[PDB]
Amino acid sequence: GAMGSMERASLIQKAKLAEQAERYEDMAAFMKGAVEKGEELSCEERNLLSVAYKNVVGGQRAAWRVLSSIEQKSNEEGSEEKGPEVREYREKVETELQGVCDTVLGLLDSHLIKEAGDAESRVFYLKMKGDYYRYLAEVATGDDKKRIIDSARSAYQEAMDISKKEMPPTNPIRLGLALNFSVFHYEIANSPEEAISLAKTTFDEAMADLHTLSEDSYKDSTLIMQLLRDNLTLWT
Amino acid sequence: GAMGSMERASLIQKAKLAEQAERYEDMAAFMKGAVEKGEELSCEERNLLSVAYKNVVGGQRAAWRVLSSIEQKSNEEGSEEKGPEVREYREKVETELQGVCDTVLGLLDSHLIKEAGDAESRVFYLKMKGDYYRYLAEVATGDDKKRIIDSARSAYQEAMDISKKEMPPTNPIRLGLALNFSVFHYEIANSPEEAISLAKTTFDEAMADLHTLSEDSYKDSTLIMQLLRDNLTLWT
Amino acid sequence: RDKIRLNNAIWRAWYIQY
Amino acid sequence: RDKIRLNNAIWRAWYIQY
Ligand SMILES: O=C(COc1ccccc1P(=O)(O)O)NCC(F)(F)c1ccccc1
Ligand SMILES: O=C(COc1ccccc1P(=O)(O)O)NCC(F)(F)c1ccccc1
């Protein structure tokens, strides 16, 4: 823990600075440091943790996709194979990606989820658990894949169950959870009809609850509703 | 040298892959590895070296600018000072930036410049030397600044002298050199009239040599000419 | 909002394409 | 070309502003 000597408040402040400077590796390291102080995270701090790691893993996934796309082009008679290089480099990125996912999952397990009693926090962390297992699943193969997929499903499902019981249909965390679980169904679990059903149900139930919201909350909820609708359009 | 066990050709291939995946830290490390094999670089390889480090340092400079901008806002009575955090983090980025510049300058000195006999290669590396000293100058202060500025000037000047003797006025390397030396004059050396004079002279002399070029070379030269003109518009 | 939606559509479409 | 020129103008303008 290189961040061990730095004040919790300083780690949080520097995470915000890193965010503004679009230095997401730094931001993630600062928030890891903050998590390791052992205290629960506030709403704002939870967002910083998520933004940081989502951006780091997002970069790695994008790179992995480029390389995978190149790798499969070279692996055929149509195009001269380039040697072991593309595979080696794709595997390097894959291993780094797996390292970041493992780090996040480590944090959630030590001990963010355990200590999260409020629905808002618990659902947030369980959604994250599902997400990072989903990212692991994207690059896994065979039997290892199946267990990872089941771990993602179990985290998402537990999050869903709490969110249905404890949160209104327009709650951004509940919506973001449903959006991501829907993507899981479509892209990971090979269940497009479950993905579509979930996205449509989530959208319709949020729509009927919009009347309760102030204009601020309305804007946040409709944003995610729009992503749900965009995905439905793409999938149907 | 962690790249010491990897084939030169593999390092080059992976640098190209990293470029396509926009993984510029990786790209830079691969090209550093390639340089350390001890052989001269081809034209294509020189471009890969430059692209990689330009993108890495570009990111650090952009971050430094964000943080510097925030730092100077907080340092006044108009806004509550935030403590040592912004300064500390700005200094961390600054130190990393200085590390990358020092790495590039190390490569150029060991032994790219020494071994570059052809005008195309020698001018390319001396331009790079000027650039990375310029980036060091942007974050330096006082007397340390003055020596860094003189080192940048000396590299640029030597490059200019060779390029005038050995390259046509439309040569992209000669043009890119003049563009960057002009920026040095304006932003670093506090010589706006020298910057403007150099940019205008470079533009006019390139313009009169365009008739010699094929359409391919025409496109490359006019690109840099346009940057020269854009800068002139901004400065005048 | 538009950029977020555009970004999302690109990521989701990649899966469908590949 | 346009993006390159735009990018360049942003970097150069930053110095003038600050
Ligand atoms: O734009 C995307 C594309 O996908 C990613 C891109 C990068 C990282 C992870 C994902 P993934 O969705 O696969 O976790 N996703 C939606 C969102 F950016 F996450 C989002 C925005 C606003 C509200 C809610 C959600
Ligand atoms: O767009 C920029 C803005 O500045 C930077 C941005 C990032 C790194 C370094 C510089 P700097 O110019 O300060 O070295 N510069 C011009 C160019 F991108 F380098 C260029 C493009 C095409 C032909 C020739 C040159």
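Note that the numbers count up from 1, one per residue, in the order the chain is shown.
Cβ atoms here come from the backbone N, Cα and C positions, even for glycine.
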**Asked** Where does the phosphoserine label fall among A:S10, A:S50, A:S68, A:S154, going by Swiss-Prot?
**Response** A:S10
**Request:** Can you figure out which of A:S10, A:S79, A:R134 (the recorded positions) comes closest in space to A:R61 (site 'Interaction with phosphoserine on interacting protein'), comparing Cα atoms?
**Result:** A:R134
**Request:** Give me the Cα-Cα distance between A:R134 (site 'Interaction with phosphoserine on interacting protein') and A:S10 (phosphoserine), rounded to a whole Å.
**Result:** 32
**Item:** Fewest-neighbour residue among modified residues, criterion Cβ within 10 Å, set A:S10, A:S79
**Value:** A:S79
**Prompt:** Out of A:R61, A:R134, which of the recorded sites has the smallest number of neighbouring Cβ atoms within 10 Å?
**Reply:** A:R61
**Fill in**
Quick note, recorded positions A:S10, A:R61, A:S79, A:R134 vs chain B, Cβ pairs under 8 Å, ordered by sequence, gives A:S10
**Asked** At the level of the C-alpha atoms, what whole-angstrom distance separates A:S79 (phosphoserine) and A:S10 (phosphoserine)?
**Response** 53
**Request:** Work out the three-state DSSP category of A:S79 (phosphoserine).
**Result:** coil
**Item:** DSSP-assigned states of the expression tag (A:1-5) in counts, ordered helix, strand, coil
**Value:** 4 helix, 0 strand, 1 coil
